[PDB]
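For reference, the structure is listed below as structure tokens.
Every number in this text was worked out from the coordinates using simple rules, so none of it is lab data. All Cβ positions, even for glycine, are placed from backbone atoms using ideal geometry, and neighbour counts span all protein chains on display.
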Amino acid sequence: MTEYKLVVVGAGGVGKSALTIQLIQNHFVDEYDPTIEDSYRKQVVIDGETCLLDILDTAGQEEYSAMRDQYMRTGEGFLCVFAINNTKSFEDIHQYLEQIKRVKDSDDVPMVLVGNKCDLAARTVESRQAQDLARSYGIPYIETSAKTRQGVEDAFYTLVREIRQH
Ligand SMILES: Nc1nc2c(ncn2[C@@H]2O[C@H](COP(=O)(O)OP(=O)(O)NP(=O)(O)O)[C@@H](O)[C@H]2O)c(=O)[nH]1
Ligand SMILES: [Mg+2]
């Protein structure tokens with residue numbers, strides 16, 4: 001069956017793992033557990049077709065700039081995550097978008113910009129700011145909360161649809 005090679009990228013602590021674990025395992029990882037590199041494979045049905053999600057959950061670590069080019073080369077779609085209560089994570093996601101485009105030699109890579117932790121009150125990134133960034137890359141912006149599950153399936157399934165209809 002069709003496989004979708006999804007890669008979840010972004011700064012440390014934005015919720016890359018919590019989002020993936022919510023999607024695959026249906027619960028919220030409410031603990032400190034930094035990632036090295038984890039892979040999740042799951043058969044799902046999206047819009048009436050069986051497919052395999054192969055999800056690579058990456059490290060936010062800025063020192064892993066070597067494994068980073070490699071997964072960017074092989075990935076098909078990227079969920080580019082920042083946290084809406086962490087302005088520095090929003091500025092960091094710019095560098096991920098640019099690196100993907102450099103490594104893939106393409107301005108047309110399936111991507112979704114994800115503003116995570118939308119359940120938290122202390123928002124410092126306004127939605128319009130993130131919409132403008134997404135629009136400059138021609139990609140959707142979707143807000144999520146790995147805690148409440150708001151937007152989680154929307155974000156991942158939108159990324160699949162961006163690939164599928166590419
Ligand atoms: N309130 C709230 N907390 C969240 C959300 N997503 C993640 N968190 C919390 O934020 C922290 C970091 O989450 P985690 O998924 O490990 O982040 P990560 O991006 O995978 N970090 P790393 O790059 O080190 O692997 C954890 O305490 C987690 O419970 C969310 O949507 N809402
Ligand atoms: Mg992680």
Partners for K147 among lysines (Cα-Cα distance below 23 Å; same-chain residues under 8 apart left out): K16, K42, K88, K117
Using Cα springs under 10 Å in a Gaussian network model of the chain, which residue among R128, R102, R41 shows the largest mean-square fluctuation? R128
Let me know the longest stretch in the chain that avoids all GluC sites (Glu not before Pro) found in a DSSP loop with at most 13 other C-beta atoms within 10 Å. 64-125
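If a/c stays under 1.5 just call it rounded; otherwise compare a/b with b/c (prolate if a/b is bigger, oblate if not). Do that for the stretch 3-165, with a ≥ b ≥ c from the square roots of the Cα gyration tensor eigenvalues. Kindly include the intermediate steps, with their values, before the conclusion.
Working: a/c = 1.21, a/b = 1.07, b/c = 1.14.
Since a/c stays below 1.5, the shape of the stretch 3-165 is classed as rounded.
Run the numbers on the chain and let me know its relative contact order in percent, using alpha-carbon pairs under 8 Å that are six or more apart.
Relative contact order here is 26 percent.
Test of understanding: ordering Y40, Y64, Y4 by Cβ neighbours within 10 Å, fewest first, what list do you get? All intermediate terms of the calculation are to be shown ahead of the outcome.
Details: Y40 17, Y64 14, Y4 22.
Listed from fewest to most nearby Cβ atoms, that is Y64, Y40, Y4.
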Spin-label point model (7 Å from Cα, Cβ direction): what's the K104 to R73 distance in nm? 1.6
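To the nearest 500 deg cm²/dmol, what mean residue ellipticity at 222 nm is calculated for the chain from DSSP H runs of n ≥ 4 alone, each contributing -39,500 (n - 2.57), summed and divided by the residues?
Values: 5 runs with 60 residues, N = 166.
Counting only the DSSP helices, I get -11000 deg cm²/dmol.
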